[PDB]
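Protein chains in written order, with full-length UniProt numbering: chain A, 684 to 754; chain B, 118 to 149, 154 to 464, 480 to 613, 616 to 754. The beta-carbon is built from N, C-alpha and C at its ideal position, and this holds for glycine as well. Reading through the structure tokens given below for one structure.
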Amino acid sequence: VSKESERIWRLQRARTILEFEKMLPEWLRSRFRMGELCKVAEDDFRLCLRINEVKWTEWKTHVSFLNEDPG
Amino acid sequence: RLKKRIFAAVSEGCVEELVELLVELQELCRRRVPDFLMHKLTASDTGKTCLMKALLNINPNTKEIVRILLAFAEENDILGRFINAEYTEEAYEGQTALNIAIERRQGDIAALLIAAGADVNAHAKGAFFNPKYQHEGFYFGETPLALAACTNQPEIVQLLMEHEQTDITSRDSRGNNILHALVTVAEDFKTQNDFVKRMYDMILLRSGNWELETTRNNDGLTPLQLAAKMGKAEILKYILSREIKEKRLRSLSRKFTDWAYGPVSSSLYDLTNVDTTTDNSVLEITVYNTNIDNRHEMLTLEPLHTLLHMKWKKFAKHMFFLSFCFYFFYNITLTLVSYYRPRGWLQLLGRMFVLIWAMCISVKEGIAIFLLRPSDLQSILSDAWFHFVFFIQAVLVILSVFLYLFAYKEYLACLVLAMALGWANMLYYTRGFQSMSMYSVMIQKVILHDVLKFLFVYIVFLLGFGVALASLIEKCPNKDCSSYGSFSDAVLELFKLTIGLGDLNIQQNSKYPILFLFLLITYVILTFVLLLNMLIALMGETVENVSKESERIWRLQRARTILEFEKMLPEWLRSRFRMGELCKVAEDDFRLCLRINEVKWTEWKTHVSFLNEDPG
Ligand SMILES: COc1ncnc(OC)c1C(=O)Nc1nc(C(F)(F)F)c(-c2ccnc(C(C)(C)C#N)c2)s1
Ligand SMILES: COc1ncnc(OC)c1C(=O)Nc1nc(C(F)(F)F)c(-c2ccnc(C(C)(C)C#N)c2)s1
């Protein structure tokens, strides 16, 4: 029942987030506008969302990346 | 341009012959002294060279590419200033090609660079490698040895440690050496699978000497005190009980099993920077730091656990019982002067007792509050909170005596409040005994968490339905025509409807009686649902969680009480108690060891080692 209450809270939270995003005008929505514009290919330039993670298990040489200088 | 051409030729890696041709052309242009060559081989803005740019972009043909690059550098007497070129940007300042070859987990190329003269003592002192927040930057110790250790590369660590020019005892920007950095980097077992403990053991044995463990960073913290400060419980458990059975590296041990026969084992733990006789030991740090929430797991490690147990048995049990007895008799006298109030032979003697003891309690708990750092008050079921209620009660007592000496009538409110709060504060002492600990923590959890939330929502219900049923009731010319008359009348009737002292059938006197009874039955149903909700939350959630949470809170309060009592004693008394006896460990070691005999009846192994084989 606590799973159920937490799940209901998360679902209604997402629902009211989307409700509130619909009330704003166009300019306020464009001023919030989640997502940074990023070039991912030769000429792609698609809006992305950045997520940092730390994994201490899958040790691999890093050969796929867009920037060679992290930060 | 040739710089961009060579850079792309060395980064793409699909063409090594193209960089060979460009290097032939570079030698041709150089035929026309070293500075022009390295200005055409390193990006002037950042400082990245063809070695860095080649190692950042790894491909199956990068070993031959770096061989070609180092050959061209050696054939020009420039290898020195080329293989040890570093960044210049304030983000990766000091990063070298060895750092880049180790972060890419390139063992062959790393051995190549070290055998070609790369300074293994380079310090990546840039804002990326010394960040302020994780996930933006990565702190490893600012050294290729620390980088190879922090990223689980035991073979590169062996290669760097078997080097002669390497420096294991080198301190980075923060003063952290390899061991402070390994402590800073350790996370958990469900996150790292416990390789930092293995790297710690390896780097400590290979450099067999106390210079790494006795080094203080820019905060004065050794690796052990640093593992205590940030709650690295696995690293701390490893260090605090670390037994080297090798005959030469046994002085690096902290626990010396010298006795084991069957399931029994009498070991000798080390108490050098542990047993509360130094500036800030592992015991005091482990007990007093409230920025981790891992103390429950760290106060169970063998030396700290037995040290707290023995401090208790020796003096703190008695000091706690005397504290409890004094507070109990102070509360009894406060009760007696509250009941027998004036409405001076021995009464004033007792009042002066409670007044001087209230002043003493007030100064004590006020001192404790002054040096009471935040993050202690993070949890409500924490001992730090009690200093506040003890202070408030002592303040109420002295304020009531002040108001009684003068001609005020409100001294009785303060006196009765002080008596009630003292009897409540006895809960601090019942949380110090063991059984009463579980009982009192369960009671206080119920109250402070669930009773207060339920009481907030229930006060909302009470006030709402009291206004609703009071506005529905017609004024009438002044004996009790109604029962839900004034607002306080309605709130009282609803409250004692909840606790079972109320009747649904009263003098109506209202003009909308069906709406009145609908609202009343709605109150009853909603408050039953709320009551049963709280009751279900209690009966389900706390049958398993607070069961152990009781032991957690008891252990924390016990440790904090033991340590403050030990601080209260005079220095000669502390010197008298001072658990732990001297023991010769090596040629000249002579450390204060604590003997702990542990019988584990689930033993399947054999023991052959000793310090005094003759069982004590
Ligand atoms: C709305 O329901 C609730 N919602 C949340 N919490 C609740 O309890 C606090 C309740 C509830 O009804 N509680 C109870 N009240 C009483 C009363 F004695 F007062 F009658 C209970 C009772 C009655 C008779 N014999 C016992 C013994 C001593 C055997 C036990 N045990 C207990 S039980
Ligand atoms: C007297 O017994 C009854 N007879 C007939 N109907 C009843 O229910 C309406 C009842 C009954 O239990 N009433 C109650 N009133 C209250 C009050 F909060 F208001 F004080 C209850 C209470 C008080 C304090 N902590 C709880 C916890 C959080 C432990 C729970 N759960 C519940 S319980």
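Do residue i and ligand 2 come close, with the Cβ less than 7 Å from some heavy atom?
i: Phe436(B); result: no
i: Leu428(B); result: no
i: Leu632(B); result: no
i: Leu676(B); result: yes
i: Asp586(B); result: yes
i: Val582(B); result: yes
For residue i, report the span of its beta strand (DSSP E) as first-last.
i: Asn178(B); result: From DSSP, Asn178(B) is part of no beta strand (DSSP E); its letter is neither H nor E.
Mind checking which residues open and close the alpha helix (DSSP H) that includes residue i?
i: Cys146(B); result: 133-147
i: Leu655(B); result: 651-679
i: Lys500(B); result: 483-506
i: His439(B); result: 438-460
i: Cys271(B); result: 265-271
i: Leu553(B); result: 547-566
i: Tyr575(B); result: 571-581
i: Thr407(B); result: 403-409
i: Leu517(B); result: Element bounds for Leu517(B): n/a, residue is neither H nor E.
i: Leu370(B); result: No alpha helix (DSSP H) contains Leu370(B), which DSSP labels as neither H nor E.
i: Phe310(B); result: 310-313
i: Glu687(A); result: 685-706
i: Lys121(B); result: 120-129
i: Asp198(B); result: Note, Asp198(B): premise wrong, no alpha helix (DSSP H); not H, not E.
i: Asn220(B); result: 218-224
i: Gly228(B); result: 228-236
i: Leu300(B); result: 299-306
i: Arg416(B); result: 416-419
i: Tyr321(B); result: 317-327
i: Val629(B); result: 625-636
i: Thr209(B); result: Run containing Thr209(B): none; DSSP gives neither H nor E here.
What residues are listed by DSSP as bridge partners for residue i?
i: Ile734(B); result: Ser388(B)
i: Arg729(A); result: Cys721(A)
i: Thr343(B); result: Per DSSP, none; premise fails for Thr343(B).
i: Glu257(B); result: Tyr254(B)
i: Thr170(B); result: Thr163(B)
i: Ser648(B); result: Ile609(B)
i: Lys376(B); result: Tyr390(B)
What does residue i reach in chain A if we use C-beta pairs closer than 9 Å?
i: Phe249(B); result: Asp752, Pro753, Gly754
So which residues of chain B does residue i contact, with C-beta pairs closer than 8 Å?
i: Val723(A); result: What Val723(A) touches in chain B: nothing, since even the nearest Cβ is about 17 Å away.
For residue i, return the contacting residues in chain A, with the cut-off set at a CB-CB distance below 7 Å.
i: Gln286(B); result: Chain A residues near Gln286(B): none, gap ~27 Å exceeds 7 Å.
i: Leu177(B); result: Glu751
Between residue i and ligand 1, is there a pair consisting of the residue's CB and a ligand heavy atom that are separated by less than 7 Å?
i: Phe592(B); result: no
i: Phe489(B); result: no
i: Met672(B); result: yes
i: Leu669(B); result: yes
i: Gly718(B); result: no
i: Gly638(B); result: yes
i: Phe666(B); result: yes
Under 8 Å Cβ-Cβ, which residues of chain A neighbour residue i?
i: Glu257(B); result: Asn735, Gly754
Would you say residue i reaches chain D, if we count a Cβ-Cβ gap shorter than 8 Å as a contact?
i: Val684(A); result: Among the protein chains in the structure shown, which are A and B, there is no chain D.
Do residue i and ligand 3 come close, with the Cβ less than 7 Å from some heavy atom?
i: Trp692(A); result: Only ligand 1 and ligand 2 can be found as ligands here, which leaves ligand 3 out of the picture.
Original post:
Name the residues in the segment 714-747 of chain A whose C-beta lies less than 8 Å from a C-beta of chain B; which are they?
Top reply: For the segment 714-747 of chain A, the residues whose beta carbon sits under 8 Å from a beta carbon of chain B are, in order, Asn735, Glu736, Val737, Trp739, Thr740, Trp742, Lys743, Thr744, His745, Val746.
**OP:** Give, in chain order, every residue of the segment 260-275 of chain B whose Cβ lies closer than 9 Å to some Cβ of chain A.
**Re:** Residues passing the 9 Å Cβ filter: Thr272, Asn273, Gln274.
**OP:** May I ask you to list, following chain order, the residues of the segment 501-534 of chain B that have a beta carbon less than 7 Å from some beta carbon of chain A?
**Re:** Within the segment 501-534 of chain B, no residue qualifies.
**OP:** Residues of the segment 212-235 of chain B with a CB closer than 9 Å to any CB of chain A: list them in chain order, please.
**Re:** Per Cβ criterion, the list reads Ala212, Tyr213, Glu224, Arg225, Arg226, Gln227.
Original post:
According to a CB-to-CB cut-off of less than 7 Å, which residues of the segment 292-312 of chain B neighbour chain A?
Top reply: If you check each beta-carbon in the segment 292-312 of chain B against every beta-carbon of chain A, the ones closer than 7 Å belong to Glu308, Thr312.
**OP:** Pull out every residue of the segment 644-669 of chain B whose Cβ sits closer than 7 Å to any Cβ of chain A, in chain order.
**Re:** Against chain A - using a Cβ distance shorter than 7 Å - the segment 644-669 of chain B contributes no residues.
Original post:
Taking any Cβ of chain A, which residues in the segment 310-341 of chain B have a Cβ under 7 Å from it, in chain order?
Top reply: Against chain A - using a Cβ distance shorter than 7 Å - the residues of the segment 310-341 of chain B are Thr312, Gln313, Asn314.
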